[PDB]
Every structure is written in C-alpha cells, then in structure tokens.
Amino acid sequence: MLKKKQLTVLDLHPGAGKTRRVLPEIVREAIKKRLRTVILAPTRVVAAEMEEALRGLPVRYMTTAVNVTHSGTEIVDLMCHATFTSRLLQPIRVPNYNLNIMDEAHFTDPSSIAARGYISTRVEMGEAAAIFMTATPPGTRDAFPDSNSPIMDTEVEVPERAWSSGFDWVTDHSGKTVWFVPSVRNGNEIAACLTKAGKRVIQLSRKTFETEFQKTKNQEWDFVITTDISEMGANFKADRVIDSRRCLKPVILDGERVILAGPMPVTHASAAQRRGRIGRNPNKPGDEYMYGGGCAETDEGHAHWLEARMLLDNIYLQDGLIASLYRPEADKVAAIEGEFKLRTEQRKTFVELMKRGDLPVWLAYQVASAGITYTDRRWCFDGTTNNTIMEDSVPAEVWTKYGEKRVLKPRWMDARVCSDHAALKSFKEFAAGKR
C-alpha cells in the first residue's frame, strides 16, 4: 500500500483490528522506509487508543489528549482530522507527507471531508500515498456487515420520547445498552425517563464527548444515550444496541439560512457503525441490535459537503489549483470548485471565526464574505424579525460589548448556534464580545 500514487481503502469489518493490529504494522513499515507520515484520528478518544497500540514507536503526538512531549527525531505525526485541516488553513507550514493514513475515514464532519479531498487530490497528482481505514467506505449500501460473534438483528418500534407503557423489552434487560438518539434534546427526554425508572444513564454528545466517555470505564452503568458521535471508534462493553435509525440534517435553504431538518433516516454507513458497537467479542455471542427504521442516502444535500468545499477553496495546494472532494463523495453537493475562494483578509477572518469564534463553517463564511472583521458583532443583532433566536419561548437577550441590552437576532441564521442550551450559551458569549 506504501507505494506512491496509490490510495488504498482498508475496509475490514468493525472489530477486525484495523487500529490495534493493522495500524502499528503500517507505522513500522513507514518508519523502515523513511516515509514522512501522518496518522489522522477522528476524535481525542481515538488518539489515546492509538497511543496505546503505537506505544514504544517514535510517533509525534500533535494533540493535548496524549501526555508525551516529542524528542524531535520522529517522522510520524498523529493528529485529529480537524487539526490537519485547521493547520492547512492557518499560515503555519504543514510538511508534505509521503504517506497519509486516516482512521475512521467515513467521518462526515466538514473538516474530515475536506482532509479526504486534499489528501486524495495529492494522490491523484502522484505526490503521495494514502490509506483510508473504515468498515464503511463512502458509498456502502450494507448496514449489516460481518462481526466477531453473531448478532441478533431485530426490527422493532423504538421510543423517541418518554413512555408510560408498551416498551417492556427496553427496561426488562439485565445487561448494558448503547442507545443512539437523533439529538441531544431527544436524548435528554429518554434519559430522564430511564433515570426515573431506576436506571444509571450517561449522555454523550459532540461537545461533552471526552469528559463523559471516561465515565463508561470509570463507573458501572445501565444505558449510554448518545448522538451519532459514537459511530467514530468509541468502544463499549455492552450486550445491546438500541438504534432509532434517525439523525438531524443541516440544510441550507435558498443559500440564506441553515435549518436542522428531520429527524430523518441515517445512511447505511451510520447504521452499520451504530450496530458495530456490539458483536465485538467472539467469546460472547448473541449481542442484540434493535433498529427502529430503515436507511436512506440522506447525505445528498447535507450542508457538511458544501462547508467542505468552503474549506477546500481556501486551502493552498499549488498556485491557482484547488483540491477536489474525494471522488465517491464529490457528487453530494452542487458546488463549483473555487466559488468560495476568499481574498487574503476575508480568509483570515473566515479562519478566526471558526477557530476562535467557534462558529459553523457556513455561518463563518457569510460573515467573512460580507467584509466584516472578526471583532465586529453588529451582525448578531441586525437581522430580520423572524431571525430572532428564542430562549424558553421568549426572545434571547444579551448585553453587547457597549453595555446595552439587545435581542439576539442574527443577520444570518444558522440553527446549529442554538440547537441546545450549551450551543446558545456559547453564541450569546460570542455576540457579547466575550471571545
């Protein structure tokens, strides 16, 4: 696989040893061959698992998830997908890696899609080799792949709200269950129901992932309520997966606003990854997978592919050239390569709005392309009446940096900035000039 001008897809089934067995072998071969190598992890939890599998090998950990300082003699670097993309966007110089390994190469976050596009274009150019590791490569129509031990697959009605009766099978279970809900707000309702009935529940989401995941190993639990984030290498020692088979989809309407559409069906890749959390121990056959809906290719028209084009258009590759998306996912968006390329100053504002402001890609592009500077927050208050953000059925209020109380009413509306309490609280601080 390590020969230049080649992109290999390591599509071994979930639990086949891609990270703990195959990855150190590739690293050993790249070090032997003097290949400047990058290892891309989806999340910080996977980076810490990779450190345990690669312990002893000379790897540079460019992540705060691993307590090891580099000696300066390493030729292999390990970082998250978002860190790779962020450094490509920032004026910091990134070496030209001869070998590019991306683990969980099915991750659909905008920075993951852009990293795949950038890496695959360098391979198409003949400048590098690449390995994409995933049980479900882009384009998979198999939600029921192979496992380490047999799994009982059961199509059933899965509750998406609190219940008084009709789901005896959910609570009448002595083992541990990992339940995939379509949203944080939906998971909070089911968790409160399970808690009320005497269960121990840990809730996992994108913003709380690192801190809460530790609790699954730290203490006994009955249920884990999680969003689609646990599809990226997160491992549990459970005997059942309850899968609603639903997810939220960010959609850009008329190129003017972003809504969270759905809950709607997950893709076959997500369904296989969610099912893949169980059936991992050959000594424990009979793990259960309860699914409550079918699959659909709901990645078509998803804002993440447009946001990935926004990122790729602003990453330098060679003179005027611009990286294309990885071919099996280049049709998920109707975008012209280069149409989001910003001028030097607006591009710097675009990067600061994402890195420091923590705004979604789409919202960061609207602000930067309008010629607004990072610290100018007037746009958070001068949108139309129907762009008013609501908190507890009443318009949200913030004190501006000028000491004046104003209704939060952005010029551009992105549902992601107020999808939950933590998101809205972070957007209030942004609109107040606090970061």
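Just so we're on the same page, rigid core means the largest C-alpha set that superposes within 1.5 Å between forms. When you see a residue number, it is the position in the sequence shown, counting from 1.
J.: In 7 other deposited structures of this protein, superposed on the rigid core, which stretch sits farther off in Cα RMS terms, 71-79 or 234-242?
T.: After superposing on the rigid core, the more displaced stretch in 7 other deposited structures of this protein is 71-79.
J.: Determine, for stretches 124-132 and 169-177, which one has the higher mean CA B-factor as deposited.
T.: In the deposited entry, the stretch with the higher C-alpha B-factor mean is 169-177.
J.: Can you let me know which of the two, 232-240 or 272-280, has the higher average C-alpha B-factor in the entry?
T.: Result: 232-240.
J.: Looking at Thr208, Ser324, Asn98, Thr85, which has the highest Cα B-factor in the entry?
T.: Spelled out: the listed residue with the top C-alpha B-factor is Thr208.
J.: Per the entry, which of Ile39, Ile389, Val66, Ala370 tops the list for Cα B factor?
T.: By C-alpha B-factor in the record, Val66 ranks first.
J.: C-alpha B factor of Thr400, ranked within the chain: lowest, middle or highest third?
T.: Within its chain, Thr400 is a middle-third residue by C-alpha B-factor, going by the deposited values.
J.: When the deposited Cα B-factors of this chain's modelled residues are ordered and cut into thirds, is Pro145 in the lowest, the middle or the highest one?
T.: Its C-alpha B-factor, which the entry lists for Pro145, ranks in the middle third among residues of this chain.
J.: Sort the modelled residues of this chain by their C-alpha B factor and say whether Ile336 lands in the lowest, middle or highest third.
T.: Highest third.
J.: Quick check for you: using the entry's CA B-factors within this chain, is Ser112 in the lowest, middle or highest third?
T.: For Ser112, the deposited C-alpha B-factor lands in the lowest third.
J.: Split into thirds by Cα B-factor across the chain's modelled residues, where does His81 land: lowest, middle or highest?
T.: For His81, the deposited C-alpha B-factor lands in the lowest third.
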